[PDB]
Structures are given as C-alpha cells and as structure tokens.
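In structure tokens, one chain follows: the form deposited in one PDB entry.
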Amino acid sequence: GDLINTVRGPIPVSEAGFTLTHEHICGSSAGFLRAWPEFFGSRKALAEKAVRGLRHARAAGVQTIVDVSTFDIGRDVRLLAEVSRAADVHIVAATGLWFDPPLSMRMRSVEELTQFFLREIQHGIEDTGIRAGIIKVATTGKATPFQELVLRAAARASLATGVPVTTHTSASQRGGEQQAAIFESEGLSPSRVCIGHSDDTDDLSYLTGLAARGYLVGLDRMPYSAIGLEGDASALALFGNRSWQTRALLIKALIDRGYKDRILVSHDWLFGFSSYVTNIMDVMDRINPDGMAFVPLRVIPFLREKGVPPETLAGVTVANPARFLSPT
C-alpha cells in the first residue's frame, strides 16, 4: 500500500526491492549536459553507458537506485527517466542542494529554499511532472551559513511531505554530528535522515553515536579506493587509501553492535562525471568495472562469508531502504 515516487511515476514501496540509496547517473552541474553534451561524447553515448551499467546492476539483483543528484549536481530528470525505462531499473530522483549552488540559490532565504524543495517534491521537477522522492544536502565539517539554511529548508520540506533527507558529509570531520544538531533543532526525526559517506572513516564512536540516536548511516562509497593509484593525486583525494573490504567491514561492525536496521549501503557511482578532473570516469571504470553491480557481486558475498546471515543482508538491502523511502 505505501508508495514512492520514481522518474517513471509512483511504485509500491514493496516493489523497490534491492535498493542502492546513494548513486548518480551523471555527476555534473546545472545546465551543463544541455550546454555541452559533447563533454560526455554525446548525450546518446552517456545514456547508452548508463543503460548498460544499470542492466548490469539489474542482472546482479539491483531493482532500484536513488539518484541523489540535486539541481547543482546537474540532475537531468529526463535522462533519468529515459535510462530507467531502457534498463528496467527504478530511479528515485532528488531535490535539495549540494556544494555547488549558484548565486541564484546562494542568495535565497530558508523560506525560499523550502518552497523550491517543496516544488520539486509536490509539483514536479522543471516542467516534467516527475516528483523527487528524497532531499539531498551537503556540508563538510562546520556548516556554512548557507548550508545551514539548506539543512533547515530540507528539514521543513521533509516534515511537510514525509520524504527523507540524505546527506553528504566529511566523515573524517565527523560532519554528521553538526547535521544532526541542525535537523533536531527543526524537530526532524532522525529516522528520516541518512548521514552519508560514513564509510569514509573507521570511526565507530562517531557512527555508533549517530546510529544510537536513530539516524541511518550511509555506507555508500563501497568501491572507492585509490590503492594501486596512489601517485594520481586527484584519485587519491577523492577515493582514498582504504580498501573496499575495509569499507565493507563497517557494515558487519554495525550489525555486530546491534545496528543492522540503521545501515544503508551504496556505491556513489556514476556513468558520467564532469564536476571533477577530465577522464576521471576512465580511472573509476578501471577501479570498479562492475559499476553499480559491485555491492551485490562483491560486498554481499564477502559479508555472507564472514557469517552475516542472509536475512540480515536482505534487511539491510531491502527492508531498510523501503522504510527510509516510504513517506512517513
């Protein structure tokens, strides 16, 4: 009976199935794929790449992704609808604002940003009628004044609609703690919030402190590792130096500590990427040729071999996304 909005229209909650909760078709900037599609070879090439990659994920058991691209990540909801149809994978679109708002967003009040986020959830994105099913926000450590307005507008849009909030943060700066403080000052329930990029640290005091408070903890960059590429400074800065198995052990660490219901797993993958260095796709595709099938192909069996029960893994990959995405 409960429903989630996707770029193809409403679906029953129970059909979302195995869901990757932090992904992107294309990491770009507002207006960019319309103005310069040849950056990606062509729009058609980008769409075909994305359809191949979603088909691969689907073969591996993924049924839904949440594309957390905001306005300022260059979200193109028509592209999402096209590739969702072609690949037969559900895609949930996002509203919110990430790190790159333009001036026309940076000048706005909390009330104005609230109406923008509500427009995209309740009315539709652009002129398409496609409704966002999640609100994405971002900080590093200490929230800037504008980021604090974004977080408050996200909380107010979530309270009005039931749609959840998901975050980018700097895990090494324990950024989720200030996010949580702002959301709670707005009366937002922690059960509506995922603190993302939490696998970028092994700081289990930070992670268990959020989980104990009821937050979802997004272990969402599973394939990110610059091991083997450490002379590529741009790769190292984005990916890192920890292995995927190190990241995946955090899923088991939280389950072992009683927090299985508080975990969301994903890749933070993409099929095009213009907001970083030229050719970064190419580096990424070498680190992780499986793309968005890496979680079911590598991470889930690794955890099953370490003794995590199948029921617990189904709860993390199916039940927890369903409860998070259901408007509540």
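So that there is no doubt, residue numbering starts at 1 and follows the sequence shown.
Of the two stretches examined, 51 to 59 and 280 to 288, the record assigns the greater average C-alpha temperature factor to 280 to 288. For the pair 16 to 24 and 300 to 308, the record assigns the higher mean C-alpha temperature factor to 300 to 308.
The PDB entry gives the largest Cα B-factor of the residues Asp100, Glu230, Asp220, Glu126 to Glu230.
Residues shown: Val89, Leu151, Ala171, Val77. Highest C-alpha temperature factor in the entry: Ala171.
Remark: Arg131 belongs to the middle third of its chain, ranked by C-alpha B-factor as recorded. In the deposited entry, the Cα temperature factor of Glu82 places it in the middle third of its chain's modelled residues. Per the deposited record, the Cα B-factor of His267 falls in the lowest third when ranked against the other modelled residues of its chain. Among all modelled residues in its chain, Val110 ranks in the highest third by Cα B-factor. In the deposited entry, the Cα temperature factor of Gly176 sits in the middle third of values across the chain's modelled residues.
Although not depicted, the form solved in complex with a small molecule is the subject of the following passage.
Relative to the small molecule in the deposited bound form, residues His22, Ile73 and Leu270 are all within 4.5 Å by at least one heavy atom. Only one of 92 to 100, 204 to 212, 146 to 154, 185 to 193 places residue heavy atoms within 4.5 angstroms of the small molecule in the deposited bound form, namely 92 to 100. Only one of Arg108, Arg247, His197, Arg131 lies close to the small molecule in the deposited bound form, with a heavy atom inside 4.5 Å, and it is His197.
Contact with the small molecule in the deposited bound form, defined as a heavy atom within 4.5 Å, holds for exactly one of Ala253, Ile227, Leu238, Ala86, namely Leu238.
Although the partner is absent here, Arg221 lies within 4.5 Å of the small molecule in the deposited bound form, judged by heavy atoms. Residue contact check for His168: one or more of its heavy atoms lie within 4.5 Å of the small molecule in the deposited bound form. In the deposited bound form, at least one heavy atom of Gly27 sits within 4.5 Å of a heavy atom of the small molecule.
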